[PDB]
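A.B. asks: an experimental structure, sequence included, is below.
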Amino acid sequence: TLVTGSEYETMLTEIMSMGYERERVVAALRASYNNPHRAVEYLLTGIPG
């Protein structure tokens, strides 16, 4: 499964609604390979390492 670009954008804006700035959410989605659960985990408690 490959999300579409519009699905990516709604995933990004949805996580941004928590209060996170756009660029940080973009980086977290890259770190998590577009898994929103890992991305939010990274935004809450840090990226791996």
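C.D. replies: Nice, I can see it. Numbering: from 1, shown residues only.
A.B. asks: C-alpha from now on. contacts and neighbour counts both.
C.D. replies: OK.
A.B. asks: for this structure, which helix is longest?
C.D. replies: Longest helix in the chain, counting residues (DSSP state H): helix 5-16.
A.B. asks: gap between the residue lying farthest from the centre of the chain and residue 42?
C.D. replies: Distance to the chain centre peaks in the chain at residue 49, reaching 17.7 Å (criterion: C-alpha atoms, centre = their mean). Note on residue 49: its distance to residue 42, by C-alpha to C-alpha, to the nearest Å, is 11 Å.
A.B. asks: check which helix or strand covers the residue nearest the centre of the chain.
C.D. replies: Ranked by distance to the mean C-alpha position of the chain (C-alpha atoms, centre = their mean), the top residue is residue 29 at 3.5 Å. According to DSSP states H and E, residue 29 maps onto helix 22-31.
A.B. asks: now the angle from the helix or strand following that helix to helix 22-31?
C.D. replies: The C-terminal neighbour of helix 22-31 among helices and strands, as given by DSSP H and E, is helix 36-45. Angle, helix 36-45 to helix 22-31, by axes from the mean of the first three to the mean of the last three C-alpha atoms, to 10 degrees: 130 degrees.
A.B. asks: which other helices and strands contact helix 36-45?
C.D. replies: helix 22-31 (3 or more C-alpha pairs under 8 Å, 6 or more residues apart in numbering; DSSP states H and E).
A.B. asks: re earlier: any idea how far residue 31 is from the residue farthest from the centre of the chain?
C.D. replies: On the measure of C-alpha to C-alpha, residue 49 and residue 31 end up 12 Å apart.
A.B. asks: residue contacts, residue 36?
C.D. replies: By C-alpha atoms under 8 Å, 6 or more residues apart in numbering, residue 36 lies in contact with 11, 29.
A.B. asks: what number of residues lie near the closest residue to the residue nearest to the centre of the chain other than its chain neighbours?
C.D. replies: Sequence neighbours aside, residue 39 is the residue nearest to residue 29 in space, at 5.2 Å (criterion: C-alpha to C-alpha, 6 or more residues apart in numbering). With neighbours defined by other C-alpha atoms under 10 Å, the count for residue 39 comes to 24.
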